[PDB]
Amino acid sequence: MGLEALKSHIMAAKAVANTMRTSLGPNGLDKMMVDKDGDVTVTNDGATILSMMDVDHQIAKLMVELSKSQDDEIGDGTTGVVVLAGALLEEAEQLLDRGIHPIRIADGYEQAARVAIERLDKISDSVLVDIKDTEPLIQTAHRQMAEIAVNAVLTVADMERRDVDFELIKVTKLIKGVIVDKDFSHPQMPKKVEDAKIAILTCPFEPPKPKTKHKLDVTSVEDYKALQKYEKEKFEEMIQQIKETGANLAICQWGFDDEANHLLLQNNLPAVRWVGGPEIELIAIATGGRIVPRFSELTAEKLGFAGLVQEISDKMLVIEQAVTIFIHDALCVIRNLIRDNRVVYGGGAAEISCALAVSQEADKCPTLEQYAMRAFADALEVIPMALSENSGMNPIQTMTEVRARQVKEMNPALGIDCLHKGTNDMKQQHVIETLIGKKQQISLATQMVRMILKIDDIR
Amino acid sequence: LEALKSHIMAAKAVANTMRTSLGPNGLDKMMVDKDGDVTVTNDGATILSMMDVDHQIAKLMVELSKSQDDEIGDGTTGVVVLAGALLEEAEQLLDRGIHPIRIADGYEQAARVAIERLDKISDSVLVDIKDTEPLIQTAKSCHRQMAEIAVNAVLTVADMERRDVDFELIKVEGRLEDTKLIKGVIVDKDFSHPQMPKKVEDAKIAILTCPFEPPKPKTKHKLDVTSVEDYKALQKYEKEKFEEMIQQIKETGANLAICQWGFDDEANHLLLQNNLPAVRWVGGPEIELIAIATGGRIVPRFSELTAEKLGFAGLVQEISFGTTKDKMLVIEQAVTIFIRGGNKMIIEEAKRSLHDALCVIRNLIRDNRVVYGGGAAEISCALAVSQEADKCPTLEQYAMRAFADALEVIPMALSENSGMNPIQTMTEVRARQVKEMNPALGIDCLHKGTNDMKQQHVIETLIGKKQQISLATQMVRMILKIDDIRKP
Amino acid sequence: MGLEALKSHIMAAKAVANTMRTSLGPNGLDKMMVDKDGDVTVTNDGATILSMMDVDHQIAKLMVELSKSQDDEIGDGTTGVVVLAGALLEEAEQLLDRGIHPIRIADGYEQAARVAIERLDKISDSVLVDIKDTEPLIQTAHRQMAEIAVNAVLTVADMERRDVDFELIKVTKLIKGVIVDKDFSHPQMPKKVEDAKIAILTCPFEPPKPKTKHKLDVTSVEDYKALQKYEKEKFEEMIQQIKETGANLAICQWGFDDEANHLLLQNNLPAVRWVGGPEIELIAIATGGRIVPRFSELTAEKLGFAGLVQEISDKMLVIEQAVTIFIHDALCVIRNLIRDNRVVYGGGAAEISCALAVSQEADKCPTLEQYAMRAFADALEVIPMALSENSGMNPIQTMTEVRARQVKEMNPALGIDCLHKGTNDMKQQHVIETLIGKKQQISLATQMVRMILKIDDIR
Amino acid sequence: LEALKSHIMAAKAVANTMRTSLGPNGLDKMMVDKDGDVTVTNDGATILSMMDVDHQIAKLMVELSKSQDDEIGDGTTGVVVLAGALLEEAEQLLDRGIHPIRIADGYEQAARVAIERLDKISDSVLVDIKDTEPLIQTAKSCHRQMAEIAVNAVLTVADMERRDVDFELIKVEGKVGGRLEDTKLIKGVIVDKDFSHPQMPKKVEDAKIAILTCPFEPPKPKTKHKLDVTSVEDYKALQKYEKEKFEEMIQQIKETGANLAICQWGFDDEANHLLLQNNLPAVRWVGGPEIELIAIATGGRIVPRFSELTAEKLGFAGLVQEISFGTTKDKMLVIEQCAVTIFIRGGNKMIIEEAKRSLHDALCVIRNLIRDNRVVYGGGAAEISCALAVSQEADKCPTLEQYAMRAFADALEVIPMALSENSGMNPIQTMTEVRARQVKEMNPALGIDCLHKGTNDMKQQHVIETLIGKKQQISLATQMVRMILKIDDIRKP
Ligand SMILES: Nc1ncnc2c1ncn2[C@@H]1O[C@H](COP(=O)(O)OP(=O)(O)O)[C@@H](O)[C@H]1O
Ligand SMILES: Nc1ncnc2c1ncn2[C@@H]1O[C@H](COP(=O)(O)OP(=O)(O)O)[C@@H](O)[C@H]1O
Ligand SMILES: Nc1ncnc2c1ncn2[C@@H]1O[C@H](COP(=O)(O)OP(=O)(O)O)[C@@H](O)[C@H]1O
Ligand SMILES: Nc1ncnc2c1ncn2[C@@H]1O[C@H](COP(=O)(O)OP(=O)(O)O)[C@@H](O)[C@H]1O
Ligand SMILES: [Mg+2]
Ligand SMILES: [Mg+2]
């Protein structure tokens, strides 16, 4: 429909926001979430929830990947993005009914977002780098996790400067590089492949069948044993091909089986089989190594320069042309701190101070953007309320009292305990959301709401 | 008669659909397609290419709107709204008892008046030295280089003395600051098997849409093989046939070849031993692209060609961009733009804004004049048509006025999409146009500015408007005729 | 049914007449007319409309091919035939209800048709031949069209006398003969085939498979390569067969492909492939050439004596045993003028004067044919009315005033402007329908109405 | 709780029905009734007087809208629109988690704020000389003499020295036929009906009136009778008896002064006969109203009898006449003992009923001004400034009443918004621009033209709403919203 499709999108998106409004904060609800013949997965943190669920309305699916591809791949806090977007749409409904044009509301939300974002610069608190401090800053996310995370991201970093990196990390011991499971297949092969030229091949190993009316006919010994011998020789063709360009180990998908793996032992070519995309592209990005669609047709070039490759009872390679932990959260936070070392206190406090700023700046504004900015303020104030109700406290009561204590005490920190044990100051408990986390959160929520507001008709 | 009114309503439905997407405040239209991805753009040029082929009048609304303004000018969403309004008023004129042939002829006469008035509003812009560069910043600091690269793109490829027409040699292959100038048309993929030479200078290109397979005879077959060397000699057989095709292509010109369909196997290896670095494999594009670019005709066979056909492209190279590689050729018997901005959405935005640059520059090269947009040219044209209708008798008198009121929908649509009052601001602007004698000002439209439209520098060129009006009136002339719709 | 089937046929045919009553004259309506998965085709001139549409009632299909096979293949004006037929049936309905027998009405329509036809001799106006005049007479159907059409039909004409010819013309440049597209396939062949004996063969090129339990069995080199070589030799059989009777180029449908086309080059036999009926029968009627169902079994005899055959980037042949234009309407008109050089003015004027004649002769008539002839007059007067309403004028008003001005001014010319700009005299505007066009039109319409009137029961 | 949302939705439905009839550009509402004629009017007072009485909450809004405003003040439509707005906002406050009693408390406090603010915006209007006349032009192009007759009507009949409370003893009668400028200056009270009989004296001057609520028939025992008349002589005896006892009451009235009498209830068959022959043109018949009018005007001491009276009671009227308007006739009298009544001849049948309500607005306005002579400027201006003050007090208040006060502030602004949309202007745009021009220019007067002709300043156009009109409007609105915000379960046995 023409316009009422807009209110329909508001309803459809705020439906999602209300679905995950309970899973916000530490007292969130787990959501059973099975999958077809699969099993149960009960967790907070909507990041993994948005991956699941269903494609209901294309706006409800638009809620995903805007809350995922950025905040899950850049920041950490996902649930706040969708909750905020839903609230903004809820107030934009009252503004629509009042007679305000949608695009004016989107613009007002942009300007208000500028006000809040620029504040977060004023609320910010810097943290030192290069030793310690970061470690005791991770206990928020029990002791060694901080240390291992620190040195893990310290080893893999730009640092001078530009301050960006990912993805060289995945999965208690320390770590020297990236590691893989499985084996080179047939332990008679050497376990010491140091200085290895890795041949990454996603292909089959078969005699190149010609294209013609085929139907082979064979009579016992004579032709049959000559067939087995034939494709064994043709296998030696590929074997001697991999050793001409490069040397030592290779990596292969699909089939091996048969004798085959035997022959490569006699030719000293300890390959590995078999795995799909992961562990292929892993060793590809790690050492070398590009990818070969063939099947014996390649130049190297391609092969990777991995320094050490060993086997322990899962084979692991070190010294790569890249360090990966062995047994999420803080690993992203540290990255943000590497980008900008400032933090703002969480628990909805930054939202409250941002709301006070957007509203204080909205009182002096002409035309219609005034109401848009005020609606934005009331939208940011949904985080403290949701946080309050998820723990059982009276929403508007605790929220209002805090919003007053922030201007009287001049403290953009205190607000929503929330754990029902504490001094409410939020300075203690050390609850920090960094800077890029919140700035990206607001930018993403406003981007969503603007998009939905522009859309109309749309099938 | 009711068939006509059915057409009226059915077409004004399309117009009323895309009436909200007009102007810079368009509403984007999701529009998924088939089993594939989505494409979100206002600017109805992409919206007519999708949606639903429902009524033959809505169909006719497309492909008259698709390949005429979108392939000559740039404005498209305006044409359909103009036609829709023309039919909305044409319904009123049908109720009065006027025959549709009379409303069509009247619409033609009125359209002539409007087109002739456009020349009166025109403002000239010089060519051959800048002046266009500062003129393209309006089409989208991501605006500085776009004007430049587009300028030299159409300057390198143009008739220029004179007649001033050229298209199509320009395309784009997806930071913007890393967007590169261009020396020719460029391709992706590889020549297959990097053992091949990367310097194919003075290349004779052999374009083959054929498959490479030994000629299977036509007879009851059931081929059987006793193995040992009955199998190996079959391999050697079609290896000898592949080899028989290799030097058969090398007979008239060698260098590189371009092919579709299958290769695989060793095959390419044999071609390396004979030194024929071909490429594989691509469909319509890059077959016709390199055909029109260098040489080169097309060879459907399969043991039937002479050269003749082969293209005399000067240089062909392979460049590695990061890890994966792409091969690109220069010096052709011809230049095409290239962009890489990362994030994948930083392009397709630059592309859609760049196409407007080539279109506007080509329109300015054909005739170097502009009229100020924002619906003001429509208002001055409406005042012209109506001024002509007050001094005309009989029935065309009413048709012309209906045409005027139909031209005033663009300022109204531009006003309503920005949140202003549609008829109020429209009437106020039309007043200030005769009072101040200024065929320029009207519809802010961005809600920020001085309303003068002389500033903000919004230009629709000339053939943009002339084609928009001529096409809207041509469409309406068609729909106003016809009836029945057989559909066997 | 017995009789009411007659009124049903009247309704069914006048339904068609009313369908195309709007598309008459210059202000006709285009009619969308798609076709299954095809595209749109919007034009006046019902000639191409009757080809489309649908087979509804066998009388509605009887309306076709009587309006097509003659007036589209002889005259030009198709829509007037069906409109007239419908009107005649409409009046024949009132005559039926009055108590008149059908066959009497058909006879009366015949006699009335004689009156009108014989008039057209009195209304006629002669036009000179052999130079010019015809050219400025074609601008009705912008300058060169008259010239090219004139000399095109001048080159192909009997002229002494009997004055008939078609079809040697089809499809800006002048023309020396009939032309074809495609190529001789494989440009190594000669482009100069002058003095060519064309071998028109619609057949395949395959080894004559014997009739017995077959199932070939082959083992690689030995028998397989001998199979390829075999059918290549068998191909040389047909090659050497075409060169024994005739020489040079041939023409073939169906398959060639393979090497095949290669071998004919080495034997100098530049044939062409492949096309269906058209371009086969075109070169057949042009040069020579009959048609050979075989497949190597023929005597020549058959082959055509085309003088020149060349190739330009589409191969074209000249000097044939026949001239065709290169880039409809006037080409038929000129033919009629070649048959009879007289013309009558159109725009319904000839219909009005014919009506005045049939009615003037009907006033003095006994028995029932009186009413039949009068109905015929009122039937011819539908052309000026339809012409009037299609432009928007008052039908009966303009029609009546003209029918009066024709007897007062004694001018079988003026009537229906129709373009809303002119002096109504019809002498100017130079609107001419020749003679055979109108005479054939009336004869065909009366033939239709007579047929329908005779028919009854009929399944 | 959802019972409250049902009430809030129905009440806002009524409000949305009448927010299009707000202001001078308001709409009509066909409003037919029973088996009778139709009535199309603005001014929701009559709308609420009929409407469609369905939901008990709508019934409550009618109850309280007529309870105070229609019976004392003037503005009624504004009350229901404002109440509707306050409810529309209090709904979102309910969803926010606030308790209803707290919302009603905040609405009360904010209401007191606005009420106290109207005094600061107030302006003064003089009395006693031709100053109110030019200020009646707001109530309605026939104004020039409408205002004149209005002030004349209310000032002639008023306490005035002092006490400043007076109403009634004045009515209006439209006789349908003429043009609105045919309205005439008025003297005494005027009633319909007729003396009955055509041979009656049609102009009785210097009349001493006898107002009676009694039947004219000689009473009967009302025991269980079977009255059977025997001889024909007794037939004549009966007729003679009642012929005499009908007269026993006639000269009984004439001994205390006669001229014309006045009767309720029955005026019998002969009766009027016997009264013509005795030259006593009485009249029949009318209920309580129009009886007490002539009672207070002249004399008159209504007599419950029936042959028992001494005069004394009879009044002193100078002239009584019977005038025929078209076909039907009404008898009107001049020169009373004093009591004035207005007369309207508008024609077209629909041109009257407009002048009656438009005049009623005049009497009410002038009465309110006599009670307290203060005015605030209309067109939503007082509403805008009131909203400004309420939001000002709201920014400085903590806890939950804060939100309720802000909701009240936004709820006041519906009057300028409704006034805006009903005139064709952009509702929120013009209203917002005016709310800015009221703080920048510091002028609690300008806003909403509303006639689309003027300087928007509203100081000119002199649109006045008095003070008790606004104070009672806000008090009644907040009273309604207070009641509706409580009340659950809606029993309704
Ligand atoms: N100790 C804490 N006290 C108060 N609030 C907290 C605390 N820890 C986390 N939060 C709040 O929880 C919110 C959302 O976190 P969560 O519900 O885990 O999902 P996500 O991080 O994906 O939004 C954050 O905005 C943060 O303010
Ligand atoms: N800066 C601007 N201010 C006012 N109007 C504009 C501006 N830019 C473009 N327009 C108007 O938008 C109209 C339509 O453009 P658009 O909606 O992009 O689709 P299309 O160009 O295909 O019609 C044009 O007629 C033009 O007048
Ligand atoms: N310039 C003209 N003025 C008046 N009548 C015309 C003119 N040109 C053509 N006609 C009329 O149009 C009639 C039909 O032509 P048309 O509608 O094109 O289809 P068809 O020729 O197949 O009947 C003719 O009988 C002729 O009298
Ligand atoms: N001339 C005027 N200009 C602006 N507003 C006016 C004017 N006259 C009346 N109004 C507005 O009309 C509103 C309501 O009056 P009305 O529609 O008659 O019904 P009610 O008086 O019963 O509320 C008042 O609030 C007043 O502000
Ligand atoms: Mg545009
Ligand atoms: Mg009122």
# chains A, B, ... in the order shown; residues from 1 in each chain; ligands from 1
call {"tool": "select_by_dssp", "arguments": {"residues": "stretch 313-352 of chain C", "states": "alpha helix (DSSP H)", "output": "VMD selection string"}}
result
chain C and resid 330 to 339 349 to 352
call {"tool": "interface_residues", "arguments": {"of": "chain D", "to": "chain B", "cutoff": "12 Å", "atoms": "only C-alpha atoms", "output": "list in words"}}
result
residues 424, 425, 426, 427, 428, 429 and 430 of chain D
call {"tool": "write_last_selection", "arguments": {"atoms": "N, CA and C atoms", "output": "CSV table (one decimal), in the first residue's frame"}}
result
chain,number,residue,atom,x,y,z
D,424,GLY,N,-7.7,25.4,6.6
D,424,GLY,CA,-6.9,25.0,5.5
D,424,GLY,C,-5.4,25.2,5.6
D,425,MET,N,-5.0,25.7,6.7
D,425,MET,CA,-3.5,25.9,6.9
D,425,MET,C,-2.9,24.6,7.4
D,426,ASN,N,-1.6,24.6,7.3
D,426,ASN,CA,-0.8,23.4,7.8
D,426,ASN,C,-0.9,23.4,9.3
D,427,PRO,N,-1.4,22.3,9.9
D,427,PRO,CA,-1.7,22.4,11.3
D,427,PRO,C,-0.5,22.6,12.2
D,428,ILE,N,0.5,21.8,12.1
D,428,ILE,CA,1.7,21.9,13.0
D,428,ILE,C,2.6,23.1,12.6
D,429,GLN,N,2.7,23.4,11.3
D,429,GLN,CA,3.6,24.4,10.8
D,429,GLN,C,3.3,25.8,11.3
D,430,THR,N,2.1,26.2,11.0
D,430,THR,CA,1.6,27.6,11.4
D,430,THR,C,1.6,27.6,13.0
call {"tool": "interface_residues", "arguments": {"of": "chain B", "to": "chain C", "cutoff": "6 Å", "atoms": "only C-alpha atoms", "output": "compact mmCIF listing (two decimals) with N, CA and C atoms, in the first residue's frame"}}
result
# COMPACT_ATOMS: atom_id res chain seq x y z
N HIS B 99 -13.80 14.48 -28.42
CA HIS B 99 -13.29 13.24 -28.99
C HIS B 99 -11.80 13.11 -28.69
N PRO B 217 30.78 -37.76 -35.78
CA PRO B 217 29.99 -38.04 -36.98
C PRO B 217 28.56 -38.43 -36.63
N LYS B 220 24.58 -44.25 -36.31
CA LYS B 220 24.45 -45.15 -35.17
C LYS B 220 25.83 -45.52 -34.65
N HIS B 221 26.08 -45.22 -33.37
CA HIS B 221 27.43 -45.26 -32.83
C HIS B 221 27.58 -46.47 -31.93
N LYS B 222 27.33 -46.35 -30.63
CA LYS B 222 27.76 -47.33 -29.62
C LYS B 222 29.26 -47.62 -29.77
N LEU B 223 30.04 -46.63 -29.35
CA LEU B 223 31.49 -46.77 -29.31
C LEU B 223 31.89 -47.62 -28.12
N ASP B 224 32.81 -48.55 -28.35
CA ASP B 224 33.30 -49.43 -27.30
C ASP B 224 34.82 -49.44 -27.31
N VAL B 225 35.40 -49.69 -26.14
CA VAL B 225 36.84 -49.55 -25.93
C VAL B 225 37.35 -50.76 -25.16
N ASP B 230 43.53 -48.72 -26.45
CA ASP B 230 42.30 -48.29 -27.10
C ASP B 230 41.73 -47.07 -26.40
N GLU B 304 35.56 -22.55 -39.53
CA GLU B 304 35.14 -21.61 -40.58
C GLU B 304 35.47 -20.20 -40.09
N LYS B 481 -5.53 7.12 -28.07
CA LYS B 481 -6.10 6.37 -29.19
C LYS B 481 -6.35 4.94 -28.73
N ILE B 482 -6.27 3.98 -29.64
CA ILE B 482 -6.48 2.57 -29.33
C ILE B 482 -7.84 2.35 -28.68
N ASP B 483 -8.05 1.13 -28.18
CA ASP B 483 -9.30 0.55 -27.68
C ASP B 483 -9.15 -0.97 -27.80
N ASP B 484 -10.20 -1.71 -27.44
CA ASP B 484 -10.26 -3.15 -27.68
C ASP B 484 -9.23 -3.93 -26.86
N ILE B 485 -8.00 -4.02 -27.38
CA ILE B 485 -6.95 -4.91 -26.88
C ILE B 485 -7.43 -6.35 -27.04
N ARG B 486 -7.18 -6.93 -28.22
CA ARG B 486 -7.65 -8.26 -28.56
C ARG B 486 -7.15 -9.33 -27.59
N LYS B 487 -5.83 -9.56 -27.59
CA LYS B 487 -5.17 -10.61 -26.83
C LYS B 487 -5.67 -11.99 -27.25
N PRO B 488 -5.34 -12.46 -28.47
CA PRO B 488 -5.70 -13.82 -28.88
C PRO B 488 -5.13 -14.89 -27.94
call {"tool": "closest_atom_pairs", "arguments": {"of": "chain D", "to": "chain A", "cutoff": "10 Å", "atoms": "only C-alpha atoms", "output": "CSV"}}
result
residue,atom,partner,partner_atom,distance
D:96,CA,A:396,CA,7.2
D:97,CA,A:396,CA,6.6
D:98,CA,A:396,CA,7.4
D:398,CA,A:404,CA,7.5
D:399,CA,A:400,CA,6.4
D:400,CA,A:397,CA,7.6
D:402,CA,A:400,CA,9.6
D:403,CA,A:400,CA,9.9
D:417,CA,A:98,CA,9.7
D:426,CA,A:99,CA,8.4
D:427,CA,A:99,CA,7.3
D:428,CA,A:99,CA,6.7
D:429,CA,A:367,CA,6.8
D:430,CA,A:367,CA,9.2
D:431,CA,A:367,CA,9.9
D:432,CA,A:367,CA,6.7
D:433,CA,A:367,CA,6.8
D:436,CA,A:366,CA,7.7
call {"tool": "write_last_selection", "arguments": {"atoms": "N, CA, C and O atoms", "output": "short mmCIF file (atom, residue, chain, number, x, y, z; two decimals), in the first residue's frame"}}
result
data_model
loop_
_atom_site.label_atom_id
_atom_site.label_comp_id
_atom_site.auth_asym_id
_atom_site.auth_seq_id
_atom_site.Cartn_x
_atom_site.Cartn_y
_atom_site.Cartn_z
N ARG D 96 3.36 4.31 29.47
CA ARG D 96 4.67 4.59 30.03
C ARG D 96 4.86 3.99 31.41
O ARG D 96 6.00 3.93 31.90
N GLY D 97 3.79 3.53 32.06
CA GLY D 97 3.88 2.93 33.38
C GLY D 97 3.42 3.82 34.51
O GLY D 97 3.51 3.41 35.67
N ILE D 98 2.92 5.01 34.21
CA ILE D 98 2.46 5.93 35.24
C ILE D 98 1.06 5.52 35.69
O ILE D 98 0.24 5.07 34.89
N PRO D 398 9.90 17.72 39.31
CA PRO D 398 10.44 16.36 39.20
C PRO D 398 9.34 15.31 39.26
O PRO D 398 8.15 15.62 39.25
N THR D 399 9.76 14.05 39.33
CA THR D 399 8.90 12.87 39.55
C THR D 399 7.93 12.74 38.36
O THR D 399 8.24 13.13 37.23
N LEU D 400 6.74 12.17 38.61
CA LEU D 400 5.85 11.75 37.54
C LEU D 400 4.95 12.89 37.06
O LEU D 400 4.64 12.98 35.86
N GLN D 402 5.69 15.70 36.42
CA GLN D 402 6.42 16.33 35.33
C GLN D 402 5.85 15.92 33.97
O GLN D 402 5.46 16.77 33.17
N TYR D 403 5.81 14.61 33.71
CA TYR D 403 5.32 14.13 32.42
C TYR D 403 3.86 14.52 32.20
O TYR D 403 3.48 14.93 31.09
N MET D 417 -4.18 23.98 16.70
CA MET D 417 -4.00 23.03 15.61
C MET D 417 -5.32 22.73 14.91
O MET D 417 -5.40 22.77 13.68
N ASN D 426 -1.58 24.56 7.28
CA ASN D 426 -0.82 23.42 7.78
C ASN D 426 -0.91 23.39 9.30
O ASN D 426 -0.52 24.36 9.95
N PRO D 427 -1.43 22.31 9.90
CA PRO D 427 -1.74 22.36 11.34
C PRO D 427 -0.53 22.60 12.23
O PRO D 427 -0.55 23.51 13.07
N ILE D 428 0.53 21.82 12.08
CA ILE D 428 1.65 21.94 13.00
C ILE D 428 2.61 23.06 12.59
O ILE D 428 3.30 23.62 13.44
N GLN D 429 2.66 23.40 11.30
CA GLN D 429 3.63 24.39 10.84
C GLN D 429 3.26 25.79 11.32
O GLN D 429 4.05 26.45 12.00
N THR D 430 2.05 26.24 10.99
CA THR D 430 1.61 27.56 11.44
C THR D 430 1.56 27.65 12.95
O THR D 430 1.96 28.66 13.54
N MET D 431 1.06 26.59 13.61
CA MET D 431 1.00 26.59 15.07
C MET D 431 2.39 26.74 15.67
O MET D 431 2.59 27.51 16.62
N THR D 432 3.38 26.01 15.14
CA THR D 432 4.73 26.10 15.67
C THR D 432 5.31 27.50 15.45
O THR D 432 5.87 28.10 16.38
N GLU D 433 5.21 28.01 14.22
CA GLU D 433 5.72 29.34 13.92
C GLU D 433 5.10 30.39 14.84
O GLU D 433 5.78 31.34 15.26
N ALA D 436 6.59 30.27 18.27
CA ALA D 436 7.86 30.98 18.28
C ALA D 436 7.65 32.49 18.27
O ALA D 436 8.36 33.23 18.96
#
call {"tool": "residues_near_ligand", "arguments": {"ligand": "ligand 3", "cutoff": "7 Å", "atoms": "only C-alpha atoms and all ligand atoms", "output": "MDAnalysis selection string"}}
result
chainID C and resid 23:26 28 44:47 76:80 346:348 416:419 429 431
call {"tool": "residues_around", "arguments": {"residues": "residue A:159", "least_positions_apart": "5", "cutoff": "9 Å", "atoms": "only C-alpha atoms", "output": "ChimeraX atom specification"}}
result
/A:154,164,338-339
call {"tool": "residues_around", "arguments": {"residues": "residue D:250", "least_positions_apart": "4", "cutoff": "8 Å", "atoms": "only C-alpha atoms", "output": "MDAnalysis selection string"}}
result
chainID D and resid 246 254 275 278 280
